[PDB]
$ cat target_0.cif   # mmCIF, C-alpha atoms
data_start
loop_
_atom_site.label_atom_id
_atom_site.label_comp_id
_atom_site.auth_asym_id
_atom_site.auth_seq_id
_atom_site.Cartn_x
_atom_site.Cartn_y
_atom_site.Cartn_z
CA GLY A 2 0.00 0.00 0.00
CA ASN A 3 2.29 2.77 1.24
CA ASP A 4 5.30 1.41 -0.64
CA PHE A 5 3.25 0.94 -3.82
CA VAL A 6 2.10 4.56 -3.84
CA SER A 7 5.56 5.83 -2.86
CA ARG A 8 7.16 3.88 -5.70
CA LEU A 9 4.53 5.25 -8.06
CA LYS A 10 5.10 8.87 -7.06
CA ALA A 11 8.83 8.26 -7.46
CA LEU A 12 8.21 7.77 -11.20
CA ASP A 13 5.87 10.78 -11.55
CA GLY A 14 6.95 13.01 -14.41
CA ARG A 15 9.55 10.56 -15.71
CA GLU A 16 9.89 9.84 -19.41
CA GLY A 17 10.13 6.26 -20.57
CA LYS A 18 9.75 3.99 -23.57
CA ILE A 19 6.79 1.84 -24.51
CA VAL A 20 7.87 -1.78 -24.06
CA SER A 21 4.62 -3.19 -25.39
CA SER A 22 1.10 -2.12 -26.14
CA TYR A 23 -2.06 -3.63 -27.55
CA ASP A 24 -2.10 -0.45 -29.67
CA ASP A 25 0.69 -0.63 -32.26
CA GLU A 26 0.01 2.97 -33.36
CA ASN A 27 1.96 4.83 -30.69
CA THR A 28 4.96 7.13 -30.37
CA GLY A 29 7.16 4.58 -28.62
CA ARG A 30 7.39 7.09 -25.75
CA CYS A 31 5.51 7.42 -22.49
CA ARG A 32 5.46 9.77 -19.54
CA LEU A 33 3.96 8.98 -16.15
CA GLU A 34 1.54 11.67 -14.94
CA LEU A 35 -0.20 11.52 -11.58
CA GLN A 36 -3.10 13.80 -10.70
CA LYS A 37 -5.15 14.07 -7.53
CA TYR A 38 -8.92 13.98 -7.94
CA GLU A 39 -12.05 14.00 -5.80
CA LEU A 40 -14.54 11.12 -5.81
CA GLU A 41 -18.27 11.77 -5.83
CA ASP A 42 -18.51 10.90 -2.12
CA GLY A 43 -15.85 13.56 -1.51
CA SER A 44 -13.16 10.87 -1.38
CA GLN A 45 -9.56 11.46 -2.45
CA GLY A 46 -8.22 9.58 -5.46
CA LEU A 47 -4.98 9.42 -7.42
CA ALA A 48 -5.23 9.23 -11.21
CA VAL A 49 -2.37 7.57 -13.10
CA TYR A 50 -1.80 8.27 -16.77
CA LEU A 51 0.68 7.18 -19.38
CA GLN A 52 0.98 10.34 -21.45
CA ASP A 53 2.75 11.14 -24.72
CA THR A 54 2.02 7.68 -26.18
CA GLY A 55 -0.03 8.90 -29.12
CA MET A 56 -2.63 6.27 -28.26
CA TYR A 57 -6.29 7.06 -28.82
CA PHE A 58 -7.09 5.56 -25.40
CA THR A 59 -4.76 7.06 -22.78
CA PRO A 60 -3.60 4.30 -20.43
CA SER A 61 -5.21 5.30 -17.16
CA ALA A 62 -5.84 4.00 -13.68
CA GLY A 63 -7.66 5.40 -10.68
CA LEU A 64 -6.36 4.66 -7.20
CA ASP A 65 -9.00 5.09 -4.52
CA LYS A 66 -10.65 3.51 -1.48
CA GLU A 67 -11.75 0.57 -3.66
CA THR A 68 -8.22 -0.29 -4.73
CA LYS A 69 -6.83 -3.59 -3.48
CA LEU A 70 -3.42 -5.12 -4.03
CA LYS A 71 -3.42 -8.49 -5.77
CA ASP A 72 0.26 -8.78 -4.85
CA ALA A 73 2.91 -6.34 -3.68
CA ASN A 74 3.34 -4.95 -7.19
CA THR A 75 -0.20 -5.20 -8.63
CA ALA A 76 -3.22 -3.05 -7.79
CA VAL A 77 -6.73 -3.90 -8.93
CA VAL A 78 -8.01 -0.48 -9.99
CA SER A 79 -11.29 -1.29 -11.67
CA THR A 80 -13.77 -4.13 -11.68
CA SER A 81 -16.32 -2.62 -14.08
CA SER A 82 -16.12 -1.06 -17.53
CA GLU A 83 -19.76 0.07 -17.48
CA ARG A 84 -20.23 3.43 -19.18
CA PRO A 85 -23.40 5.21 -20.31
CA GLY A 86 -24.35 3.14 -23.35
CA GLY A 87 -21.93 0.23 -23.17
CA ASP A 88 -18.70 -1.04 -21.67
CA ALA A 89 -15.28 -2.38 -22.67
CA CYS A 90 -16.99 -4.49 -25.38
CA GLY A 91 -18.39 -1.35 -27.02
CA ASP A 92 -22.04 -0.61 -27.57
CA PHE A 93 -24.56 -3.21 -26.40
CA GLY A 94 -22.34 -4.02 -23.41
CA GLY A 95 -21.49 -7.64 -22.72
CA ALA A 96 -18.19 -7.25 -20.84
CA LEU A 97 -17.74 -10.16 -18.46
CA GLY A 98 -15.19 -10.46 -15.69
CA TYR A 99 -13.69 -7.07 -16.49
CA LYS A 100 -10.63 -6.20 -14.42
CA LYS A 101 -8.07 -3.42 -14.79
CA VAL A 102 -4.78 -3.71 -12.95
CA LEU A 103 -1.87 -1.34 -12.47
CA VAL A 104 1.46 -3.17 -12.21
CA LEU A 105 4.51 -1.40 -10.82
CA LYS A 106 7.79 -3.32 -10.80
CA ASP A 107 11.23 -3.19 -12.38
CA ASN A 108 10.75 0.55 -13.02
CA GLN A 109 7.95 -0.40 -15.41
CA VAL A 110 4.34 0.70 -15.22
CA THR A 111 1.75 -1.55 -16.83
CA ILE A 112 -1.97 -0.93 -17.15
CA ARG A 113 -3.76 -4.12 -18.15
CA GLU A 114 -7.44 -4.73 -18.89
CA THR A 115 -8.82 -8.25 -19.13
CA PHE A 116 -12.39 -9.24 -19.95
CA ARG A 117 -14.58 -11.45 -22.09
CA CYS A 118 -17.27 -10.23 -24.48
CA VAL A 119 -20.59 -12.08 -24.29
CA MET A 120 -22.26 -10.79 -27.47
CA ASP A 121 -19.14 -11.96 -29.33
CA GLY A 122 -18.65 -15.60 -28.36
CA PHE A 123 -17.06 -14.86 -24.96
CA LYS A 124 -13.87 -13.83 -26.77
CA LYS A 125 -11.11 -13.01 -24.29
CA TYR A 126 -9.36 -9.63 -24.42
CA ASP A 127 -6.05 -8.85 -22.70
CA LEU A 128 -5.09 -5.27 -23.52
CA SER A 129 -2.08 -3.80 -21.77
CA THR A 130 0.46 -1.04 -22.16
CA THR A 131 3.83 -1.21 -20.45
CA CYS A 132 6.17 1.76 -20.02
CA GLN A 133 9.84 1.29 -19.03
CA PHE A 134 11.40 4.08 -16.99
#

$ encode --input "target_0.cif" --output "structure tokens"
Amino acid sequence: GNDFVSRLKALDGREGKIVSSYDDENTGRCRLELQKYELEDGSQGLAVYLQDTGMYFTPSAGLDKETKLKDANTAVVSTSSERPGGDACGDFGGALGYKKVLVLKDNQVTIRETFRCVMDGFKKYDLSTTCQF
């Protein structure tokens, strides 16, 4: 918990290189940006972004009261992709077992989303971006 956040803030503002991404149309570069935000219940959160990647979907994670560590280096930062009008599977919804994790180890930051899509044969998706600092 405390060490995870401390290690994360230690990389804030640093410039790195994209090791891998589900999105091959990127700059090859990535910058960690942290930003405080307020939750609707007045709670304090910490937003994590991989900036400068050129990706249409900015890798993002929100650290808040709901965040739990799966292991010392891995935070579960979302368990739902539900948006107004759909979810991670696009329109019509159908995202099943959606999980987003933020992995921090080896001076790398990874944001990884995993889910299955019902209205498409329960196809499995594993979409991650990893930045090496």

$ residues_around --input "target_0.cif" --residues "residue 36 (chain A)" --least-positions-apart "3" --cutoff "7 Å" --atoms "only C-alpha atoms" --output "PyMOL selection string"
chain A and resi 47-49

$ residues_around --input "target_0.cif" --residues "residue 24 (chain A)" --least-positions-apart "5" --cutoff "12 Å" --atoms "all atoms listed in the file" --output "short mmCIF file (atom, residue, chain, number, x, y, z; two decimals) with C-alpha atoms, in the coordinates of the input"
data_model
loop_
_atom_site.label_atom_id
_atom_site.label_comp_id
_atom_site.auth_asym_id
_atom_site.auth_seq_id
_atom_site.Cartn_x
_atom_site.Cartn_y
_atom_site.Cartn_z
CA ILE A 19 6.79 1.84 -24.51
CA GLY A 29 7.16 4.58 -28.62
CA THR A 54 2.02 7.68 -26.18
CA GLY A 55 -0.03 8.90 -29.12
CA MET A 56 -2.63 6.27 -28.26
CA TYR A 57 -6.29 7.06 -28.82
CA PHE A 58 -7.09 5.56 -25.40
CA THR A 59 -4.76 7.06 -22.78
CA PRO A 60 -3.60 4.30 -20.43
CA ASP A 127 -6.05 -8.85 -22.70
CA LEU A 128 -5.09 -5.27 -23.52
CA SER A 129 -2.08 -3.80 -21.77
CA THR A 130 0.46 -1.04 -22.16
CA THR A 131 3.83 -1.21 -20.45
#

$ atom_distance --input "target_0.cif" --atom1 "CA of residue 93 (chain A)" --atom2 "CA of residue 126 (chain A)"
16.6 Å

$ residues_around --input "target_0.cif" --residues "residue 21 (chain A)" --least-positions-apart "4" --cutoff "12 Å" --atoms "only C-alpha atoms" --output "list in words"
residues 17, 25, 26, 27, 28, 29, 30, 31, 54, 109, 110, 111, 112, 113, 128, 129, 130, 131, 132 and 133 of chain A

$ closest_residue --input "target_0.cif" --among "A:32, A:117, A:103, A:20" --to "residue 73 (chain A)" --atoms "all atoms listed in the file"
A:103

$ resolve_selection --input "target_0.cif" --expression "the PyMOL selection byres ((chain A and resi 44-46) around 12)" --output "short mmCIF file (atom, residue, chain, number, x, y, z; two decimals) with C-alpha atoms, in the coordinates of the input"
data_model
loop_
_atom_site.label_atom_id
_atom_site.label_comp_id
_atom_site.auth_asym_id
_atom_site.auth_seq_id
_atom_site.Cartn_x
_atom_site.Cartn_y
_atom_site.Cartn_z
CA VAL A 6 2.10 4.56 -3.84
CA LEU A 35 -0.20 11.52 -11.58
CA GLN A 36 -3.10 13.80 -10.70
CA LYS A 37 -5.15 14.07 -7.53
CA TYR A 38 -8.92 13.98 -7.94
CA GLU A 39 -12.05 14.00 -5.80
CA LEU A 40 -14.54 11.12 -5.81
CA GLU A 41 -18.27 11.77 -5.83
CA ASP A 42 -18.51 10.90 -2.12
CA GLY A 43 -15.85 13.56 -1.51
CA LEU A 47 -4.98 9.42 -7.42
CA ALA A 48 -5.23 9.23 -11.21
CA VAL A 49 -2.37 7.57 -13.10
CA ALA A 62 -5.84 4.00 -13.68
CA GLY A 63 -7.66 5.40 -10.68
CA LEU A 64 -6.36 4.66 -7.20
CA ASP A 65 -9.00 5.09 -4.52
CA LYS A 66 -10.65 3.51 -1.48
CA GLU A 67 -11.75 0.57 -3.66
CA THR A 68 -8.22 -0.29 -4.73
CA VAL A 78 -8.01 -0.48 -9.99
#

$ atom_distance --input "target_0.cif" --atom1 "CA of residue 97 (chain A)" --atom2 "CA of residue 52 (chain A)"
27.9 Å

$ resolve_selection --input "target_0.cif" --expression "the PyMOL selection byres ((chain A and resi 95) around 9)" --output "JSON, numbers by chain"
{"A": [87, 88, 89, 90, 91, 92, 93, 94, 96, 97, 117, 118, 119, 120, 121, 123]}

$ atom_distance --input "target_0.cif" --atom1 "CA of residue 134 (chain A)" --atom2 "CA of residue 8 (chain A)"
12.1 Å

$ resolve_selection --input "target_0.cif" --expression "the PyMOL selection byres ((chain A and resi 14) around 6)" --output "number ranges by chain"
A: 13, 15, 33-34

$ closest_residue --input "target_0.cif" --among "A:61, A:80, A:3, A:74" --to "residue 98 (chain A)" --atoms "only C-alpha atoms"
A:80

$ closest_residue --input "target_0.cif" --among "A:100, A:18, A:12, A:114" --to "residue 53 (chain A)" --atoms "only C-alpha atoms"
A:18
